[PDB]
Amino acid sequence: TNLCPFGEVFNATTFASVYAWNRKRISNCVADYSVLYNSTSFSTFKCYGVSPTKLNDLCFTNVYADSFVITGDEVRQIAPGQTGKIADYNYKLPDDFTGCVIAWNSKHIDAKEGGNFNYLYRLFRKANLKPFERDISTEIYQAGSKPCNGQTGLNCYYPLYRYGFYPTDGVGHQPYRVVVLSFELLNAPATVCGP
């Protein structure tokens, strides 16, 4: 008689930045997934391996709830087979992703006059991200060939740069809170089903 704590993920006080996206696994509970789609309050509700068609009637071993904050035109990159600064360097979904991508505009909380710069992202990286990999490194990105020695400079840039979230920003630049539900199946006890 334990419902899966989705309120701790969606209704959380503060959200993580996409470079340090926060994963919270959910197990041994009951999930009413149709509650999320029967809300009409989400900007993006796209499922890729599961169907939002009242298919809480199935079980999964473990489902993970990744959450972060990105721009409006950057939630397009939260999808299988996508590229870009978020998809390549911050958060990557597999080409055979099985789950749902949920997002909603949050300019009313994550934007303030004068600019909200608490959220940031990764702009440079020596290689792309494999699916569900996270990088929270702060090592200086060597663009040239001279050793940066841990210093910014010519062709040596700090990898993490800030988001500017103003209330007058366009919809494409406004902060959007994203939650990714990744359902996983193994030869395992199939913890979470949900009636």
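Residue numbers here begin at 1 and follow the sequence given.
- Higher mean CA temperature factor, per the PDB entry, when comparing 185-193 with 4-12: 185-193.
- Mean CA temperature factor is higher for 35-43 when stretches 35-43 and 125-133 are set side by side in the entry.
- Listed residues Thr168, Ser27, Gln142, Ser67 were ranked by CA B-factor as deposited; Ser27 comes out on top.
- For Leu160, the recorded CA temperature factor ranks within the lowest third of the chain's modelled residues.
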